[PDB]
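Student: Please find protein-v5.pdb (PDB, C-alpha atoms) on the next line:
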ATOM      1  CA  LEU A   1       0.000   0.000   0.000
ATOM      2  CA  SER A   2       1.085   3.567  -0.752
ATOM      3  CA  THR A   3       1.416   6.198   1.970
ATOM      4  CA  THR A   4       0.702   9.156  -0.322
ATOM      5  CA  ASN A   5      -2.201   7.534  -2.207
ATOM      6  CA  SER A   6      -4.039   6.787   1.066
ATOM      7  CA  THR A   7      -5.836   8.999   3.582
ATOM      8  CA  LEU A   8      -6.856   8.602   7.229
ATOM      9  CA  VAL A   9      -9.420  11.175   8.375
ATOM     10  CA  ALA A  10     -12.332  11.516  10.791
ATOM     11  CA  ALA A  11     -15.390  13.750  10.584
ATOM     12  CA  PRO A  12     -16.905  15.831  12.090
ATOM     13  CA  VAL A  13     -13.323  16.945  12.712
ATOM     14  CA  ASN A  14     -14.706  18.756  15.781
ATOM     15  CA  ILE A  15     -17.118  16.873  18.040
ATOM     16  CA  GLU A  16     -18.225  17.822  21.537
ATOM     17  CA  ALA A  17     -16.670  15.566  24.179
ATOM     18  CA  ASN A  18     -19.956  14.028  25.259
ATOM     19  CA  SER A  19     -20.623  10.306  25.428
ATOM     20  CA  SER A  20     -22.835  10.548  22.309
ATOM     21  CA  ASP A  21     -21.068  12.664  19.660
ATOM     22  CA  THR A  22     -19.957  10.080  17.105
ATOM     23  CA  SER A  23     -17.454  10.302  14.267
ATOM     24  CA  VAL A  24     -16.612   8.322  11.135
ATOM     25  CA  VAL A  25     -12.969   7.381  10.580
ATOM     26  CA  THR A  26     -12.435   6.875   6.844
ATOM     27  CA  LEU A  27      -9.329   5.169   5.462
ATOM     28  CA  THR A  28      -9.101   5.761   1.715
ATOM     29  CA  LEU A  29      -6.770   3.005   0.511
ATOM     30  CA  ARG A  30      -5.060   2.732  -2.872
ATOM     31  CA  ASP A  31      -1.960   1.197  -4.442
ATOM     32  CA  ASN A  32       1.091   2.852  -5.988
ATOM     33  CA  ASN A  33      -0.920   3.170  -9.213
ATOM     34  CA  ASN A  34      -3.658   4.943  -7.195
ATOM     35  CA  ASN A  35      -5.871   2.002  -8.140
ATOM     36  CA  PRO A  36      -8.059   1.215  -5.095
ATOM     37  CA  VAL A  37      -7.142  -1.756  -2.913
ATOM     38  CA  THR A  38      -9.790  -4.124  -1.554
ATOM     39  CA  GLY A  39      -9.880  -6.972   0.936
ATOM     40  CA  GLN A  40      -7.523  -5.840   3.699
ATOM     41  CA  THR A  41      -7.693  -6.406   7.457
ATOM     42  CA  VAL A  42      -7.380  -2.985   9.108
ATOM     43  CA  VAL A  43      -7.299  -1.913  12.756
ATOM     44  CA  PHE A  44      -7.800   1.606  14.118
ATOM     45  CA  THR A  45      -6.274   2.839  17.371
ATOM     46  CA  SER A  46      -7.277   6.260  18.694
ATOM     47  CA  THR A  47      -6.032   8.145  21.733
ATOM     48  CA  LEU A  48      -9.566   9.214  22.736
ATOM     49  CA  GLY A  49     -13.115   7.936  22.379
ATOM     50  CA  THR A  50     -14.523   4.435  21.876
ATOM     51  CA  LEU A  51     -13.972   2.833  18.474
ATOM     52  CA  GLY A  52     -16.579   0.444  17.157
ATOM     53  CA  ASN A  53     -15.820  -2.484  14.896
ATOM     54  CA  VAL A  54     -14.143  -1.986  11.523
ATOM     55  CA  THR A  55     -16.065  -2.518   8.284
ATOM     56  CA  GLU A  56     -15.085  -2.660   4.613
ATOM     57  CA  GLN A  57     -16.568  -0.331   2.002
ATOM     58  CA  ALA A  58     -16.542   0.292  -1.736
ATOM     59  CA  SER A  59     -13.620   1.812  -3.647
ATOM     60  CA  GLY A  60     -11.283   0.368  -1.010
ATOM     61  CA  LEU A  61     -12.524   2.255   2.053
ATOM     62  CA  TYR A  62     -12.894   1.166   5.675
ATOM     63  CA  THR A  63     -14.805   2.629   8.596
ATOM     64  CA  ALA A  64     -15.327   2.463  12.349
ATOM     65  CA  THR A  65     -17.620   4.416  14.672
ATOM     66  CA  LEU A  66     -15.880   6.541  17.321
ATOM     67  CA  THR A  67     -18.345   7.520  20.027
ATOM     68  CA  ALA A  68     -16.884  10.572  21.738
ATOM     69  CA  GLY A  69     -15.696   9.935  25.264
ATOM     70  CA  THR A  70     -15.767  12.782  27.794
ATOM     71  CA  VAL A  71     -12.347  14.393  27.354
ATOM     72  CA  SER A  72     -11.328  17.395  25.273
ATOM     73  CA  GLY A  73      -8.366  17.449  22.921
ATOM     74  CA  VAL A  74      -7.360  15.891  19.614
ATOM     75  CA  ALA A  75      -7.680  12.127  19.208
ATOM     76  CA  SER A  76      -4.576  11.063  17.279
ATOM     77  CA  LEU A  77      -5.656   8.276  14.931
ATOM     78  CA  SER A  78      -3.117   5.540  14.223
ATOM     79  CA  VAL A  79      -3.797   2.731  11.768
ATOM     80  CA  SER A  80      -2.385  -0.707  10.983
ATOM     81  CA  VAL A  81      -3.132  -2.999   8.036
ATOM     82  CA  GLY A  82      -2.432  -6.713   8.267
ATOM     83  CA  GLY A  83      -0.764  -6.101  11.614
ATOM     84  CA  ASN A  84       1.658  -3.692   9.909
ATOM     85  CA  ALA A  85       1.562  -0.036  10.923
ATOM     86  CA  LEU A  86       0.616   2.260   8.045
ATOM     87  CA  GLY A  87       2.371   5.605   7.762
ATOM     88  CA  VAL A  88      -0.725   7.783   7.344
ATOM     89  CA  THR A  89      -1.928  10.307   9.921
ATOM     90  CA  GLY A  90      -5.348  11.483  11.036
ATOM     91  CA  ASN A  91      -7.160  12.816  14.086
ATOM     92  CA  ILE A  92     -10.325  14.443  15.415
ATOM     93  CA  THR A  93     -10.802  17.274  17.895
ATOM     94  CA  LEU A  94     -12.963  16.595  20.941
ATOM     95  CA  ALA A  95     -14.599  19.879  21.924
ATOM     96  CA  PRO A  96     -15.409  20.649  25.587
ATOM     97  CA  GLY A  97     -18.592  22.546  24.702
ATOM     98  CA  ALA A  98     -20.021  24.542  27.615
ATOM     99  CA  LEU A  99     -18.417  26.089  30.692
ATOM    100  CA  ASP A 100     -18.842  24.756  34.238
ATOM    101  CA  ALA A 101     -18.796  27.503  36.873
ATOM    102  CA  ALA A 102     -18.771  24.959  39.718
ATOM    103  CA  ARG A 103     -15.242  23.560  39.400
ATOM    104  CA  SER A 104     -13.737  26.458  37.448
ATOM    105  CA  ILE A 105     -11.700  28.495  39.925
ATOM    106  CA  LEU A 106     -11.204  32.246  40.363
ATOM    107  CA  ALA A 107      -8.488  33.548  42.663
ATOM    108  CA  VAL A 108      -6.240  36.561  43.200
ATOM    109  CA  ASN A 109      -2.656  36.113  44.357
ATOM    110  CA  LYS A 110      -2.746  39.200  46.612
ATOM    111  CA  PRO A 111      -6.004  39.990  48.477
ATOM    112  CA  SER A 112      -4.603  43.504  48.974
ATOM    113  CA  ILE A 113      -2.155  46.011  47.514
ATOM    114  CA  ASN A 114      -1.483  49.735  47.800
ATOM    115  CA  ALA A 115      -2.785  52.501  45.559
ATOM    116  CA  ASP A 116       0.780  53.502  44.655
ATOM    117  CA  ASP A 117       1.578  50.057  43.224
ATOM    118  CA  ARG A 118       0.574  50.257  39.563
ATOM    119  CA  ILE A 119       1.208  46.538  39.037
ATOM    120  CA  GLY A 120      -1.228  45.559  41.779
ATOM    121  CA  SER A 121      -2.289  41.917  41.913
ATOM    122  CA  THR A 122      -3.042  39.325  39.243
ATOM    123  CA  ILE A 123      -6.507  37.832  38.793
ATOM    124  CA  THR A 124      -6.468  34.182  37.717
ATOM    125  CA  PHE A 125      -9.409  32.307  36.212
ATOM    126  CA  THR A 126      -9.493  28.595  35.341
ATOM    127  CA  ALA A 127     -12.259  27.680  32.901
ATOM    128  CA  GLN A 128     -13.444  24.080  33.142
ATOM    129  CA  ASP A 129     -16.047  22.082  31.254
ATOM    130  CA  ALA A 130     -18.670  20.113  33.167
ATOM    131  CA  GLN A 131     -16.380  17.069  32.939
ATOM    132  CA  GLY A 132     -13.317  18.978  34.163
ATOM    133  CA  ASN A 133     -11.660  19.812  30.834
ATOM    134  CA  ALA A 134     -10.170  23.162  29.878
ATOM    135  CA  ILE A 135     -12.005  25.585  27.592
ATOM    136  CA  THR A 136     -10.040  27.935  25.332
ATOM    137  CA  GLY A 137     -10.958  30.716  22.939
ATOM    138  CA  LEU A 138     -13.652  32.089  25.246
ATOM    139  CA  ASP A 139     -14.391  35.816  25.035
ATOM    140  CA  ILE A 140     -13.557  36.212  28.714
ATOM    141  CA  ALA A 141     -13.669  39.547  30.515
ATOM    142  CA  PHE A 142     -12.942  40.500  34.123
ATOM    143  CA  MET A 143     -14.626  43.288  36.070
ATOM    144  CA  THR A 144     -14.504  45.095  39.406
ATOM    145  CA  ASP A 145     -16.936  46.876  41.708
ATOM    146  CA  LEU A 146     -14.581  49.497  43.192
ATOM    147  CA  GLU A 147     -14.289  52.881  41.502
ATOM    148  CA  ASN A 148     -11.000  54.190  40.103
ATOM    149  CA  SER A 149      -9.728  50.603  39.808
ATOM    150  CA  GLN A 150      -8.670  49.434  36.347
ATOM    151  CA  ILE A 151      -8.557  45.945  34.876
ATOM    152  CA  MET A 152      -5.411  45.543  32.795
ATOM    153  CA  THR A 153      -4.539  43.442  29.741
ATOM    154  CA  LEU A 154      -6.158  40.010  29.452
ATOM    155  CA  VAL A 155      -4.725  36.806  27.989
ATOM    156  CA  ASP A 156      -6.244  33.612  26.569
ATOM    157  CA  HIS A 157      -3.519  31.252  27.779
ATOM    158  CA  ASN A 158      -4.836  28.488  25.463
ATOM    159  CA  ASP A 159      -5.161  26.168  28.461
ATOM    160  CA  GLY A 160      -8.495  27.087  30.074
ATOM    161  CA  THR A 161      -6.980  29.899  32.150
ATOM    162  CA  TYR A 162      -7.433  33.638  31.677
ATOM    163  CA  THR A 163      -5.555  36.202  33.784
ATOM    164  CA  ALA A 164      -5.411  39.971  34.226
ATOM    165  CA  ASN A 165      -4.080  42.421  36.799
ATOM    166  CA  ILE A 166      -5.922  45.153  38.697
ATOM    167  CA  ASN A 167      -4.948  48.361  40.480
ATOM    168  CA  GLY A 168      -6.867  51.257  41.973
ATOM    169  CA  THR A 169      -6.162  54.765  43.180
ATOM    170  CA  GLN A 170      -9.219  54.838  45.466
ATOM    171  CA  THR A 171      -8.990  52.777  48.639
ATOM    172  CA  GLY A 172     -11.540  50.060  49.304
ATOM    173  CA  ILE A 173     -12.457  46.415  48.742
ATOM    174  CA  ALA A 174     -12.845  45.491  45.064
ATOM    175  CA  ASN A 175     -14.747  42.264  44.491
ATOM    176  CA  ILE A 176     -13.876  40.500  41.237
ATOM    177  CA  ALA A 177     -16.232  39.325  38.494
ATOM    178  CA  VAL A 178     -15.965  37.539  35.146
ATOM    179  CA  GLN A 179     -17.994  37.255  31.954
ATOM    180  CA  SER A 180     -17.633  35.385  28.667
ATOM    181  CA  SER A 181     -18.908  36.846  25.398
ATOM    182  CA  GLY A 182     -20.925  39.396  27.337
ATOM    183  CA  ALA A 183     -22.329  36.839  29.782
ATOM    184  CA  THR A 184     -21.527  37.035  33.490
ATOM    185  CA  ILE A 185     -20.806  33.939  35.566
ATOM    186  CA  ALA A 186     -23.300  33.316  38.362
ATOM    187  CA  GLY A 187     -22.126  31.076  41.197
ATOM    188  CA  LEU A 188     -18.406  31.659  41.683
ATOM    189  CA  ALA A 189     -16.107  31.978  44.690
ATOM    190  CA  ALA A 190     -16.267  35.600  45.832
ATOM    191  CA  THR A 191     -12.813  37.158  45.527
ATOM    192  CA  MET A 192     -11.742  40.458  47.088
ATOM    193  CA  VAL A 193      -8.812  42.823  46.572
ATOM    194  CA  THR A 194      -8.440  45.559  49.187
ATOM    195  CA  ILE A 195      -6.641  48.717  48.066
ATOM    196  CA  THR A 196      -4.141  49.683  50.747
ATOM    197  CA  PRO A 197      -3.412  53.404  51.178
ATOM    198  CA  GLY A 198      -0.551  54.580  49.000
ATOM    199  CA  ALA A 199       2.288  56.966  49.810
ATOM    200  CA  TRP A 200       1.463  60.001  51.932
ATOM    201  CA  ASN A 201       1.607  63.260  49.985
ATOM    202  CA  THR A 202       4.555  65.176  51.429
ATOM    203  CA  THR A 203       2.934  68.346  50.052
ATOM    204  CA  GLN A 204      -0.268  68.101  52.080
ATOM    205  CA  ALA A 205      -2.244  71.294  52.651
ATOM    206  CA  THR A 206      -4.333  70.434  55.700
ATOM    207  CA  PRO A 207      -2.959  70.384  59.261
ATOM    208  CA  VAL A 208      -2.404  67.195  61.247
ATOM    209  CA  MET A 209      -2.652  68.171  64.938
ATOM    210  CA  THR A 210      -4.489  70.664  67.141
ATOM    211  CA  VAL A 211      -3.296  71.482  70.651
ATOM    212  CA  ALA A 212      -5.875  73.309  72.763
ATOM    213  CA  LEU A 213      -6.368  74.644  76.256
ATOM    214  CA  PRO A 214      -8.233  72.520  78.814
ATOM    215  CA  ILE A 215     -11.974  72.823  79.301
ATOM    216  CA  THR A 216     -12.816  69.349  80.543
ATOM    217  CA  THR A 217     -10.943  69.104  83.829
ATOM    218  CA  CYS A 218     -11.331  68.030  87.455
ATOM    219  CA  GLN A 219     -12.320  64.393  87.088
ATOM    220  CA  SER A 220     -11.360  61.200  88.897
ATOM    221  CA  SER A 221      -8.047  60.102  87.377
ATOM    222  CA  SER A 222      -6.367  58.180  90.212
ATOM    223  CA  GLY A 223      -9.620  58.219  92.141
ATOM    224  CA  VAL A 224      -8.967  61.960  92.566
ATOM    225  CA  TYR A 225      -9.663  65.030  90.456
ATOM    226  CA  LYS A 226      -6.714  66.532  88.581
ATOM    227  CA  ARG A 227      -6.306  69.562  86.347
ATOM    228  CA  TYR A 228      -5.837  68.762  82.671
ATOM    229  CA  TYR A 229      -2.767  70.480  81.236
ATOM    230  CA  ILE A 230      -3.511  70.438  77.483
ATOM    231  CA  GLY A 231      -5.510  68.519  74.892
ATOM    232  CA  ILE A 232      -4.319  66.891  71.680
ATOM    233  CA  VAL A 233      -6.372  66.006  68.601
ATOM    234  CA  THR A 234      -5.185  64.522  65.302
ATOM    235  CA  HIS A 235      -6.750  64.463  61.849
ATOM    236  CA  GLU A 236      -6.736  62.382  58.678
ATOM    237  CA  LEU A 237      -3.715  61.726  56.476
ATOM    238  CA  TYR A 238      -3.847  61.356  52.712
ATOM    239  CA  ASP A 239      -1.840  59.785  49.913
ATOM    240  CA  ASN A 240      -1.173  61.602  46.642
ATOM    241  CA  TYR A 241      -4.701  60.594  45.578
ATOM    242  CA  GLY A 242      -6.472  61.590  48.799
ATOM    243  CA  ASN A 243      -7.324  58.275  50.463
ATOM    244  CA  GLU A 244      -7.347  58.259  54.247
ATOM    245  CA  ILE A 245      -4.042  56.996  55.629
ATOM    246  CA  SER A 246      -3.936  55.733  59.223
ATOM    247  CA  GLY A 247      -0.443  56.526  60.473
ATOM    248  CA  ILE A 248       1.506  57.400  63.626
ATOM    249  CA  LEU A 249       2.584  60.876  64.742
ATOM    250  CA  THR A 250       5.772  61.521  66.733
ATOM    251  CA  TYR A 251       5.819  64.786  68.695
ATOM    252  CA  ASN A 252       7.719  66.359  71.581
ATOM    253  CA  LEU A 253       6.106  68.331  74.378
ATOM    254  CA  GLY A 254       7.926  71.590  74.994
ATOM    255  CA  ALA A 255       8.865  73.129  78.318
ATOM    256  CA  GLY A 256       5.524  74.843  78.753
ATOM    257  CA  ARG A 257       4.346  77.469  81.205
ATOM    258  CA  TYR A 258       0.748  78.108  82.218
ATOM    259  CA  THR A 259      -1.288  80.460  84.389
ATOM    260  CA  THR A 260      -4.194  79.481  86.632
ATOM    261  CA  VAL A 261      -7.446  81.326  87.296
ATOM    262  CA  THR A 262      -5.892  82.377  90.621
ATOM    263  CA  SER A 263      -3.153  84.233  88.636
ATOM    264  CA  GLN A 264      -0.379  81.784  89.574
ATOM    265  CA  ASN A 265       2.172  81.105  86.831
ATOM    266  CA  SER A 266       3.819  77.671  86.881
ATOM    267  CA  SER A 267       5.977  75.713  84.450
ATOM    268  CA  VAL A 268       5.740  72.185  83.057
ATOM    269  CA  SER A 269       8.819  70.428  81.722
ATOM    270  CA  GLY A 270       8.393  69.171  78.184
ATOM    271  CA  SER A 271       8.743  65.537  77.161
ATOM    272  CA  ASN A 272      10.156  63.704  74.160
ATOM    273  CA  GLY A 273       9.176  60.571  72.290
ATOM    274  CA  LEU A 274       5.395  61.027  72.503
ATOM    275  CA  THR A 275       3.217  59.133  70.019
ATOM    276  CA  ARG A 276      -0.408  59.150  68.897
ATOM    277  CA  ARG A 277      -2.467  57.894  65.970
ATOM    278  CA  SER A 278      -3.847  60.117  63.234
ATOM    279  CA  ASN A 279      -7.507  61.167  63.209
ATOM    280  CA  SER A 280      -7.668  60.427  66.947
ATOM    281  CA  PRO A 281     -10.034  62.063  69.486
ATOM    282  CA  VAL A 282      -8.830  64.281  72.317
ATOM    283  CA  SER A 283      -5.930  63.035  74.444
ATOM    284  CA  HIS A 284      -6.139  64.799  77.811
ATOM    285  CA  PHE A 285      -2.617  65.397  79.101
ATOM    286  CA  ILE A 286      -3.147  65.831  82.836
ATOM    287  CA  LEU A 287      -0.801  67.361  85.379
ATOM    288  CA  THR A 288       0.869  64.194  86.664
ATOM    289  CA  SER A 289       1.567  66.187  89.873
ATOM    290  CA  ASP A 290      -2.037  67.161  90.671
ATOM    291  CA  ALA A 291      -3.821  65.552  93.607
ATOM    292  CA  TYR A 292      -6.968  67.619  94.107
ATOM    293  CA  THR A 293      -9.695  65.873  96.092
ATOM    294  CA  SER A 294     -12.522  68.281  95.163
ATOM    295  CA  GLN A 295     -13.748  68.850  91.621
ATOM    296  CA  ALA A 296     -14.651  72.332  92.880
ATOM    297  CA  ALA A 297     -11.156  73.141  94.167
ATOM    298  CA  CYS A 298      -9.472  71.928  90.978
ATOM    299  CA  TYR A 299     -11.998  73.917  88.938
ATOM    300  CA  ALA A 300     -11.318  77.022  91.049
ATOM    301  CA  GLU A 301      -7.670  76.471  90.043
ATOM    302  CA  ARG A 302      -8.136  75.458  86.398
ATOM    303  CA  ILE A 303      -5.493  76.510  83.889
ATOM    304  CA  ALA A 304      -6.391  79.727  82.063
ATOM    305  CA  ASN A 305      -3.468  79.936  79.617
ATOM    306  CA  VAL A 306      -0.673  77.617  78.496
ATOM    307  CA  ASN A 307       2.512  78.726  76.736
ATOM    308  CA  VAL A 308       4.163  75.662  75.192
ATOM    309  CA  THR A 309       5.670  74.494  71.894
ATOM    310  CA  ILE A 310       4.258  71.250  70.480
ATOM    311  CA  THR A 311       6.452  69.883  67.695
ATOM    312  CA  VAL A 312       5.631  66.958  65.405
ATOM    313  CA  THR A 313       8.936  65.526  64.191
ATOM    314  CA  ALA A 314       8.061  62.417  62.160
ATOM    315  CA  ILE A 315       5.204  60.697  60.329
ATOM    316  CA  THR A 316       4.965  56.973  59.561
ATOM    317  CA  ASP A 317       3.964  56.331  55.954
ATOM    318  CA  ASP A 318       2.580  52.913  55.100
ATOM    319  CA  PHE A 319       6.009  52.192  53.567
ATOM    320  CA  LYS A 320       8.538  54.252  55.577
ATOM    321  CA  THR A 321       8.850  56.628  58.536
ATOM    322  CA  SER A 322       9.045  60.052  56.906
ATOM    323  CA  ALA A 323      10.557  62.885  58.931
ATOM    324  CA  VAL A 324       8.805  66.240  59.314
ATOM    325  CA  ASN A 325       8.768  69.296  61.578
ATOM    326  CA  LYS A 326       5.345  70.781  62.366
ATOM    327  CA  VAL A 327       4.970  73.099  65.363
ATOM    328  CA  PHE A 328       1.867  74.123  67.301
ATOM    329  CA  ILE A 329       1.604  76.947  69.828
ATOM    330  CA  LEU A 330      -0.662  77.983  72.664
ATOM    331  CA  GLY A 331      -0.116  81.562  73.737
ATOM    332  CA  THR A 332       3.504  82.636  73.456
ATOM    333  CA  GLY A 333       4.776  79.041  73.562
ATOM    334  CA  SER A 334       7.595  77.296  75.411
ATOM    335  CA  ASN A 335      10.781  79.243  76.183
TER
END
For the file at hand, write its structure as structure tokens.
Tutor:
Amino acid sequence: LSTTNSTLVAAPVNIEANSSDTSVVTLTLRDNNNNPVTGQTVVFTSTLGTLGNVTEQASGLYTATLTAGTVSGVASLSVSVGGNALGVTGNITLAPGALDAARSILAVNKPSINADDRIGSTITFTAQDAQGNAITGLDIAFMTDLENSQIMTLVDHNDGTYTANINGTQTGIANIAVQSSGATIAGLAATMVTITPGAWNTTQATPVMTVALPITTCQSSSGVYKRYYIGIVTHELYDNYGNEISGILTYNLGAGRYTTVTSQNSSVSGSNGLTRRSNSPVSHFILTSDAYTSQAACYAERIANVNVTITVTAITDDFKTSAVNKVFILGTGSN
């Protein structure tokens, strides 16, 4: 038999990988003169599907029925005549068909990343047929629910997986979604990507701290009422985009001097290494020396003016401890 004058082919060349989809494997057989050859014992061996029994045909043709199994790919058809392998090729593609959202997996490598990082995190999808086979060529598309977050380039990896990165300037949690050919998947593992605050804007307009005189005073601290020296309040911090950063402030109390409603003028030694969080409510610095037993007495001695220098010396970005120098005065300030 001639290799060039013979053909091994199966149609439909593409059949869905269900247990039913059949195919006909035709072996056109001829001799070196191209004259057909008849009366030969042939055997077909495929790499997929179930082959029926072989049968002779007219013009020197032979056939077997390949019922599609349940696996996607290309069934490589090999053939042997009279127990001798024939050097003709042939195959058939087993198509997966539809997509199975149950066992197809969606996951992000990083559940969080900062708004400064333009690369962000990679979304990974794994398309799978009902029978667990990959599905390629799908018009996949990812999506997000957080504003100012962008889905980046997408890839059909030709293996059932489709990936794409995401990054956002606006802080928040960005759930992930997917759709194929304008059709969104229903039941899929919820996947989140939280946008961490970026880098604090060194050129920030707003203030960060507010030192004030005491109003609230004369309350049981150590079981006794003490006069409150000063009060500290902090505010929000912002990256270059404006998302609230939650950082740490490092300030130093100055050698302050105050005056009480009785006209006395005392001094309070400053202190270094003080810390407080941003956007924090009032921190009542109390005279650690007080020991008043009567809320009335302490109130009849409350502080009327404080002259101290409060100096913020460092801020803690989400990626480094930036140094600064912001001062805040009450009255004339420390001397």
Student: Using only C-alpha atoms, which of A:199, A:143, A:327, A:61 sits nearest residue 169 (chain A)?
Tutor: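 Smallest distance to residue 169 (chain A) is found for A:199.
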Student: Mind listing as a count of residues only all residues within 10 Å of (-12.5, 13.9, 10.1), counting only C-alpha atoms?
Tutor: 16
Student: How many Å separate CA of residue 75 (chain A) from CA of residue 46 (chain A)?
Tutor: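 Between these atoms lies a distance of 5.9 Å.
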Student: If we count all atoms listed in the file and set the cut-off at 9 Å, which residues sit around region 272-277 of chain A, ignoring sequence neighbours fewer than 6 positions away in its own chain? Please answer as a list in words.
Tutor: residues 234, 235, 246, 247, 248, 249, 250, 251, 252, 253, 254 and 283 of chain A
Student: Just checking: using all atoms listed in the file, which residue out of A:269, A:20, A:263, A:203 ends up closest to residue 304 (chain A)?
Tutor: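 Of A:269, A:20, A:263, A:203, the one nearest residue 304 (chain A) is A:263, counting all atoms listed in the file.
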Student: For the file shown, report as an mmCIF file with C-alpha atoms, keeping the file's coordinate frame the outcome of the PyMOL selection byres ((chain A and resi 238) around 10) at residue level.
Tutor:
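And here's out_28.cif as it stands now:
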data_model
loop_
_atom_site.group_PDB
_atom_site.id
_atom_site.type_symbol
_atom_site.label_atom_id
_atom_site.label_comp_id
_atom_site.auth_asym_id
_atom_site.auth_seq_id
_atom_site.Cartn_x
_atom_site.Cartn_y
_atom_site.Cartn_z
ATOM 1 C CA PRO A 197 -3.412 53.404 51.178
ATOM 2 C CA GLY A 198 -0.551 54.580 49.000
ATOM 3 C CA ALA A 199 2.288 56.966 49.810
ATOM 4 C CA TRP A 200 1.463 60.001 51.932
ATOM 5 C CA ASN A 201 1.607 63.260 49.985
ATOM 6 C CA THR A 202 4.555 65.176 51.429
ATOM 7 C CA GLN A 204 -0.268 68.101 52.080
ATOM 8 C CA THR A 206 -4.333 70.434 55.700
ATOM 9 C CA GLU A 236 -6.736 62.382 58.678
ATOM 10 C CA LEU A 237 -3.715 61.726 56.476
ATOM 11 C CA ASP A 239 -1.840 59.785 49.913
ATOM 12 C CA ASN A 240 -1.173 61.602 46.642
ATOM 13 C CA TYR A 241 -4.701 60.594 45.578
ATOM 14 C CA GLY A 242 -6.472 61.590 48.799
ATOM 15 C CA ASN A 243 -7.324 58.275 50.463
ATOM 16 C CA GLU A 244 -7.347 58.259 54.247
ATOM 17 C CA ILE A 245 -4.042 56.996 55.629
ATOM 18 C CA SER A 246 -3.936 55.733 59.223
ATOM 19 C CA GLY A 247 -0.443 56.526 60.473
ATOM 20 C CA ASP A 317 3.964 56.331 55.954
#
